[PDB]
Amino acid sequence: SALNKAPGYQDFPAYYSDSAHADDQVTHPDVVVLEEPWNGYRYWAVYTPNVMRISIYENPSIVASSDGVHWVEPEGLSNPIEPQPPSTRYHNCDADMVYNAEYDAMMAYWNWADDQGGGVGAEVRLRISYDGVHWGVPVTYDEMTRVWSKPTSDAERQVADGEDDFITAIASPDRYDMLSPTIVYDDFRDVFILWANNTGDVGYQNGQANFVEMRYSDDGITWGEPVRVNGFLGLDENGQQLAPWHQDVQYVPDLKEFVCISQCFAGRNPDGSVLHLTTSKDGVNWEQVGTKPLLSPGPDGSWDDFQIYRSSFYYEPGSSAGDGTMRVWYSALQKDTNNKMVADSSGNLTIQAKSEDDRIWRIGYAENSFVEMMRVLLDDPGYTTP
Ligand SMILES: [Ca+2]
Ligand SMILES: [Ca+2]
Ligand SMILES: [Mn+2]
């Protein structure tokens with residue numbers, strides 16, 4: 001296997017309570033792994049609850065962990081960090097979080113859409129936190145200039161975290177042309193980069209017309225015009241072109257390159273989607289690693305048997321150069337679940353999926369040596385990093 005899946009899945013809490021849906025359904029994690037604890041924890045994750053049929057619960061939420069497995073809500077935090085929208089006309093989606101070393105703060109992004117045709121379109125929005133508990137607009141951010149001034153005291157390391165206290169990073173008049181924003185600070189060029197998938201005003205059925213665009217920003221707040229990436233995905237094992245759906249990017253210092261796990265597909269839409277790996281020296285020009293999928297749906301009846309969904313990763317360096325560990329928090333869905341018994345996070349059959357649970361949404365984990373993973377992807381039993 002390119003990655004070894006851990007049995008069961010990880011317990012993320014979801015705030016919603018809805019009789020027609022099983023509890024604690026979640027998707028689209030984004031994990032930050034730090035060298036030293038930030039507000040008590042080395043691992044921080046943003047994620048969204050989600051269920052079939054209604055998207056109103058799909059609101060950025062935060063947890064933290066000492067091990068990347070057992071997640072908790074930090075004391076004093078109340079999820080979600082961005083409120084439930086006032087009606088089903090709107091929904092949130094696609095959270096991604098970065099640690100800003102210069103400000104010692106986390107920056108959590110997400111996508112907000114007006115789903116109504118001929119509506120106002122969508123935005124990528126942003127909440128920042130100093131303390132891990134309060135997520136919003138820094139008190140030293142000036143909304144008139146869009147400058148985040150560095151705090152000069154501990155008392156200036158605060159935010160406003162009310163319902164309206166977010167920054168609009170990007171706006172578009174189309175609904176679905178900035179899906180799954182993923183952000184990295186490029187410490188060579190000294191610029192923030194955001195990649196997103198442009199599905200126009202169409203979305204899930206746009207299919208092979210989809211393409212990834214990148215944008216640049218000096219601060220992570222105000223962004224330039226998009227340009228298309230090149231070579232993002234290649235051919236699968238049948239020689240069929242893959243299209244992007246959702247993605248996560250990291251710069252990996254040990255490999256001297258950007259690395260992306262892409263949730264992608266070869267047919268008309270992301271049903272049955274898989275993960276593929278793709279790399280780049282510059283963030284612009286990519287090359288898929290091999291033809292084989294990094295991760296695929298499990299066997300019929302497993303919690304990940306319909307599709308692999310957006311996934312987040314950390315390359316954990318080893319004691320020698322080029323010999324790290326790929327740690328992957330993957331979301332996925334199980335098909336055909338209405339009224340069916342499904343697994344709990346320990347892999348035991350204790351959860352009754354409900355009437356309107358057409359599918360079940362969960363977050364799990366997979367891992368491998370980077371070298372072993374590359375050997376599988378490349379069909380090269382002797383691959384080692386250069
Ligand atoms: Ca990320
Ligand atoms: Ca630098
Ligand atoms: Mn999404």
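Along the sequence shown, the residues carry numbers beginning at 1. Counting starts at 1 for both ligands and their atoms, in listed order.
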* Which residue, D300, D304, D358, forms the salt bridge (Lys or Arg N to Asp or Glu O under 4.0 Å) with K335? ->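 Result: among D300, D304, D358, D300 is the only option passing the salt bridge (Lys or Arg N to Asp or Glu O under 4.0 Å) with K335.
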* So which N/O/S atom does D248 have closest to the Ca ion (ligand 1)? ->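 Going through the N, O and S atoms of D248 one by one, OD1 ends up nearest to the Ca ion (ligand 1).
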Is [X] salt-bridged to [Y], going by a charged N under 4.0 Å from an acidic O?
X    : Y    : value
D379 : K292 : yes
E225 : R215 : no
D131 : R157 : no
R175 : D114 : no

* Asked: Relative to the Mn ion (ligand 3), which of the N, O or S atoms in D94 is the closest?
  ->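 It is OD1 of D94.
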* Decide yes or no on side chain to side chain contact (heavy atoms under 4.5 Å, CB included) for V227 and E213, but give the supporting numbers first. => CA-CA 5 Å; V227 295; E213 292 175 307; over 6 Å; no
* To do: Cation-pi check, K5 to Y365: give yes when NZ or CZ is under 6.0 Å from the six-membered ring centre and within 45° of the ring axis, no otherwise.
  =>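 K5 over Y365 ring: no.
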* **Closer than 3.0 Å to the Ca ion (ligand 2) - protein N, O or S atoms, ordered by chain and residue number** =>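 The answer, once waters are left aside, is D187 O, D187 OD1, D190 OD1, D190 OD2.
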* **Metal proximity, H28 vs the Mn ion (ligand 3), N/O/S cut-off 2.8 Å** =>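 Short answer: no, not a single N, O or S atom is under the cut-off.
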* Mind running side chain to side chain contact (heavy atoms under 4.5 Å, CB included) on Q241 and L235 for me, showing each step along the way? => CA-CA 4 Å; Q241 181 67 47; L235 303 193; 3.5 Å; yes
* **Angle, OD1 of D96 through the Ca ion (ligand 1) to OD1 of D30 - 10° precision** =>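 Rounding to the nearest 10 degrees gives 80°.
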